[PDB]
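Q: Dumping the structure here so I can ask a few things about it.
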Amino acid sequence: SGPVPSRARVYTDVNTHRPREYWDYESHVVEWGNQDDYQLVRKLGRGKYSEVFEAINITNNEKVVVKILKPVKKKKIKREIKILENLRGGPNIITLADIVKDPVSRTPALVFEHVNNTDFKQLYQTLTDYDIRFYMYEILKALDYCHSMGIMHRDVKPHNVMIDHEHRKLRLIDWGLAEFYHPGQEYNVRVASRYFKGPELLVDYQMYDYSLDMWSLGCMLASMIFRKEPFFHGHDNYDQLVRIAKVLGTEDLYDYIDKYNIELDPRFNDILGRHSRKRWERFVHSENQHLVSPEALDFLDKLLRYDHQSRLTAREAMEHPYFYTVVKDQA
Ligand SMILES: CC(C)Cc1ccc(S(=O)(=O)NCCN2CCC(COC(=O)c3c[nH]c4ccccc34)CC2)cc1
């Protein structure tokens with residue numbers, strides 16, 4: 001027998017109730033502007049499927065960010081465009097300004113509003129325990145918005161969070177792997193980055209949903225408050241689960257697998273072994289104890305769960321006592 005089906009416990013039928021053209025991105029018509037409106041200034045970074053430059057708009061002389069798309073199925077370009085168009089103006093989501101094709105190369109590129117990245121080396125030694133609570137709240141704002149809009153990000157990881165520390169602005173970026181939730185759909189499990197892949201991805205369980213984003217978010221929190229990056233440091237995808245099982249124990253993992261009737265690769269059938277679920281205090285030490293609190297350890301533990309039904313939702317997470325202080329200051 002095959003796996004047990006699963007449904008998201010919030011925002012389940014949000015896409016069912018919308019007009020079709022909301023989520024049916026394969027038929028979306030995109031009008032491609034001219035990239036020579038823009039002049040590339042300097043590289044900002046480079047992903048596996050993008051290449052980000054700061055540019056100026058030689059018409060209104062404005063800063064702007066141009067992301068050249070790498071050669072991917074037309075489909076997935078329309079999807080990222082559709083999702084960005086669907087989320088424009090939402091809290092802490094990046095803002096799409098234009099969509100262009102270079103005249104000669106004919107390579108597609110997305111054009112976004114300008115943001116400044118804070119010296120990523122600054123963040124290490126400046127981030128107070130409160131600062132983590134704040135920028136984590138901002139991230140849950142963006143995830144709750146987009147889950148309410150029927151979209152999962154599927155690539156939540158620090159290289160996809162823009163922070164402007166001077167102005168305390170955060171933007172969630174790279175929507176190239178984002179996808180619409182449709183109850184009962186089976187999604188590709190070759191998504192996210194290793195260190196942030198949720199258990200459901202490593203065991204190939206295809207009816208995942210928004211809670212995938214809450215696992216990854218738990219990995220960031222894990223790596224922030226313990227100053228251990230990445231927190232589950234896997235040599236490959238099979239090993240990654242073993243790194244997780246050494247922390248979360250195997251008894252819960254094998255419960256997870258029996259509850260969903262997952263069949264397990266014969267590869268796994270000897271590398272996982274037996275492991276107790278470790279206590280979070282094992283990971284505290286003199287140089288991270290100022291970011292670790294009983295509240296943070298409760299909050300973190302309520303995200304890193306095998307069973308995806310039982311992870312917090314973005315909305316429940318923003319209600320955790322971890323965030324009491326920052327909610328107070330927002331008035
Ligand atoms: C919850 C806490 C707080 C955890 C945390 C710690 C550190 C950081 S971090 O900020 O240090 N992360 C390193 C990544 N940074 C941002 C991306 C850079 C490349 O790519 C782009 O810049 C754009 C891609 N698309 C865009 C659209 C508009 C503007 C720019 C881009 C590379 C440098 C964030 C969160």
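Letters A, B, ... mark the chains of the structure tokens in the order given; residue numbers begin at 1 per chain; ligand numbers begin at 1, in order shown.
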To check your reading of the model: which residues sit at most 7 Å from ligand 1 when counting only C-alpha atoms and all ligand atoms? Write the answer as a VMD selection string.

A: chain A and resid 44 to 46 52 65 67 94 112 to 120 123 132 135 to 136 139 158 to 163 173 to 174 220 to 221 224

Q: Just the residues within 8 Å of residue 217 in chain A, please, counting only C-alpha atoms, with nothing from its chain fewer than 6 positions along; format it as a PDB file with C-alpha atoms, in the first residue's frame.

A:
```
ATOM      1  CA  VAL A 156      13.355  29.538   3.428  1.00  0.00           C
ATOM      2  CA  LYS A 157      17.034  29.974   4.391  1.00  0.00           C
ATOM      3  CA  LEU A 303       8.947  23.912  14.978  1.00  0.00           C
TER       4      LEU A 303
END
```

Q: Could you please determine the separation between CA of residue 326 in chain A and CA of residue 133 in chain A in Å, to one decimal place?

A: 7.1 Å

Q: Can you tell me, as a PyMOL selection string, what residues are no more than 12 Å from residue 264 in chain A when counting only C-alpha atoms, ignoring any on the same chain fewer than 4 positions away?

A: chain A and resi 2-3+200+202-205+238+241+253-254+256-258+260+268-272

Q: Within 9 Å of residue 80 in chain A, counting only C-alpha atoms, which residues show up once you throw out same-chain ones fewer than 2 positions away? Write them as number ranges by chain, please.

A: A: 25, 75-78, 82-85, 174-179

Q: Output the selection as a tab-separated table (two decimals), in the first residue's frame - N, CA and C atoms for each residue.

A:
```tsv
chain	number	residue	atom	x	y	z
A	25	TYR	N	-0.75	29.35	-13.46
A	25	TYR	CA	0.34	30.15	-14.02
A	25	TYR	C	0.81	29.65	-15.38
A	75	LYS	N	7.42	27.63	-18.06
A	75	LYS	CA	6.61	27.28	-16.89
A	75	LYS	C	7.12	27.87	-15.59
A	76	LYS	N	8.33	27.49	-15.18
A	76	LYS	CA	8.78	27.90	-13.86
A	76	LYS	C	9.13	29.39	-13.82
A	77	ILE	N	9.39	30.00	-14.97
A	77	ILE	CA	9.57	31.44	-15.02
A	77	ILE	C	8.23	32.14	-14.85
A	78	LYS	N	7.19	31.66	-15.55
A	78	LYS	CA	5.85	32.21	-15.36
A	78	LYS	C	5.38	32.02	-13.93
A	82	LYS	N	4.17	34.91	-11.74
A	82	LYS	CA	2.80	34.94	-11.25
A	82	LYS	C	2.76	35.10	-9.73
A	83	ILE	N	3.61	34.35	-9.02
A	83	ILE	CA	3.61	34.40	-7.56
A	83	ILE	C	4.04	35.78	-7.07
A	84	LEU	N	5.07	36.36	-7.70
A	84	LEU	CA	5.49	37.70	-7.33
A	84	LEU	C	4.39	38.72	-7.64
A	85	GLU	N	3.69	38.56	-8.76
A	85	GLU	CA	2.61	39.49	-9.05
A	85	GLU	C	1.48	39.31	-8.04
A	174	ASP	N	13.96	35.46	-3.40
A	174	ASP	CA	14.05	34.29	-4.27
A	174	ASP	C	12.79	33.43	-4.24
A	175	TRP	N	11.80	33.80	-5.04
A	175	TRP	CA	10.57	33.05	-5.09
A	175	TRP	C	10.58	32.01	-6.20
A	176	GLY	N	11.76	31.68	-6.72
A	176	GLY	CA	11.87	30.79	-7.86
A	176	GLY	C	11.48	29.36	-7.60
A	177	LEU	N	11.41	28.93	-6.34
A	177	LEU	CA	10.97	27.59	-6.02
A	177	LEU	C	9.60	27.59	-5.36
A	178	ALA	N	8.97	28.75	-5.24
A	178	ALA	CA	7.67	28.86	-4.62
A	178	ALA	C	6.60	28.19	-5.48
A	179	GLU	N	5.49	27.81	-4.84
A	179	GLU	CA	4.49	26.99	-5.51
A	179	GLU	C	3.17	27.19	-4.79
```

Q: Excluding residue 275 in chain A and any residue of its chain fewer than 6 positions from it, enumerate the residues within 12 Å of it, using only C-alpha atoms, and give them as an MDAnalysis selection string.

A: chainID A and resid 242:254

Q: Can you check which residues of range 97-304 of chain A DSSP gives as strand (DSSP E) on the backbone and send them as a VMD selection string?

A: chain A and resid 97 to 101 108 to 112 151 to 152 161 to 164 169 to 172 179 to 180

Q: Could you take the residues named above and write them with C-alpha atoms, as a compact mmCIF listing (two decimals), in the first residue's frame?

A:
```
# COMPACT_ATOMS: atom_id res chain seq x y z
CA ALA A 97 9.21 46.38 -10.61
CA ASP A 98 9.57 45.07 -14.14
CA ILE A 99 10.08 41.97 -16.25
CA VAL A 100 12.53 42.22 -19.14
CA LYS A 101 14.38 40.30 -21.80
CA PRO A 108 14.73 36.61 -19.18
CA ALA A 109 15.39 38.73 -16.12
CA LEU A 110 13.30 40.01 -13.22
CA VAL A 111 13.68 43.58 -11.97
CA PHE A 112 13.07 44.30 -8.28
CA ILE A 151 1.69 30.00 -1.64
CA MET A 152 4.59 28.13 -0.06
CA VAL A 161 16.41 36.99 3.73
CA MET A 162 17.39 40.57 2.94
CA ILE A 163 17.99 42.69 6.04
CA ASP A 164 18.57 46.43 6.16
CA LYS A 169 13.53 46.34 7.25
CA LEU A 170 13.47 42.68 6.22
CA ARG A 171 12.49 41.24 2.81
CA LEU A 172 11.91 37.60 1.89
CA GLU A 179 4.49 26.99 -5.51
CA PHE A 180 0.73 27.05 -4.89
```

Q: Pick from A:278, A:182, A:73, A:106: nearest to residue 15 in chain A, with only C-alpha atoms counted?

A: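 Answer, going by the shortest atom-to-atom distance: A:182.
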
Q: Residues of range 78-193 of chain A in helix (DSSP H, G or I) according to DSSP, as number ranges by chain?

A: A: 78-87, 120-126, 129-148, 158-160

Q: Could you check which of A:212, A:150, A:92, A:166 is closest to residue 17 in chain A, using only C-alpha atoms?

A: A:150

Q: Calculated over only C-alpha atoms, which of the candidates A:281, A:60, A:1, A:185 has the smallest distance to residue 262 in chain A?

A: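 Ranked by minimum distance to residue 262 in chain A, first place goes to A:1.
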
Q: Rounded to one decimal place, report the CA of residue 107 in chain A-CA of residue 68 in chain A distance in Å.

A: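 Rounded to one decimal, the two atoms are 7.4 Å apart.
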
Q: Using only C-alpha atoms, which of the listed residues (A:93, A:207, A:146, A:66) sits closest to residue 7 in chain A?

A: A:207

Q: Could you tell me which of A:134, A:208, A:232, A:53 comes closest to residue 330 in chain A if we count only C-alpha atoms?

A: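 Among the listed residues, the smallest separation from residue 330 in chain A belongs to A:134.
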
Q: Skipping near chain neighbours, those fewer than 6 positions away, what residues fall within 12 Å of residue 282 in chain A using only C-alpha atoms, listed as an MDAnalysis selection string?

A: chainID A and resid 226 247 288:289 292 297

Q: Could those selected residues go to a file with N, CA, C and O atoms, as an mmCIF file, in the first residue's frame?

A:
```cif
data_model
loop_
_atom_site.group_PDB
_atom_site.id
_atom_site.type_symbol
_atom_site.label_atom_id
_atom_site.label_comp_id
_atom_site.auth_asym_id
_atom_site.auth_seq_id
_atom_site.Cartn_x
_atom_site.Cartn_y
_atom_site.Cartn_z
ATOM 1 N N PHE A 226 22.159 29.153 18.644
ATOM 2 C CA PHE A 226 23.268 28.326 19.102
ATOM 3 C C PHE A 226 24.592 28.734 18.489
ATOM 4 O O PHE A 226 25.634 28.228 18.914
ATOM 5 N N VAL A 247 19.642 14.268 16.712
ATOM 6 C CA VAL A 247 19.150 15.359 17.552
ATOM 7 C C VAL A 247 17.734 15.090 18.039
ATOM 8 O O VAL A 247 17.417 15.275 19.217
ATOM 9 N N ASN A 288 26.940 31.144 23.430
ATOM 10 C CA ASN A 288 25.604 31.288 22.861
ATOM 11 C C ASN A 288 24.505 31.408 23.908
ATOM 12 O O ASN A 288 23.334 31.529 23.539
ATOM 13 N N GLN A 289 24.848 31.378 25.199
ATOM 14 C CA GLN A 289 23.850 31.348 26.264
ATOM 15 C C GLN A 289 23.097 32.662 26.402
ATOM 16 O O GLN A 289 22.067 32.699 27.084
ATOM 17 N N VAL A 292 19.953 32.081 24.195
ATOM 18 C CA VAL A 292 19.124 30.938 24.536
ATOM 19 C C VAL A 292 18.342 31.267 25.795
ATOM 20 O O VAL A 292 18.912 31.737 26.786
ATOM 21 N N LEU A 297 13.637 28.063 23.633
ATOM 22 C CA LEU A 297 13.797 26.633 23.486
ATOM 23 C C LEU A 297 12.446 25.974 23.330
ATOM 24 O O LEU A 297 12.319 25.003 22.575
#
```

Q: To one decimal place in Å, what is the distance between CA of residue 30 in chain A and CA of residue 62 in chain A?

A: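 Here the two named atoms are 23.3 Å from each other.
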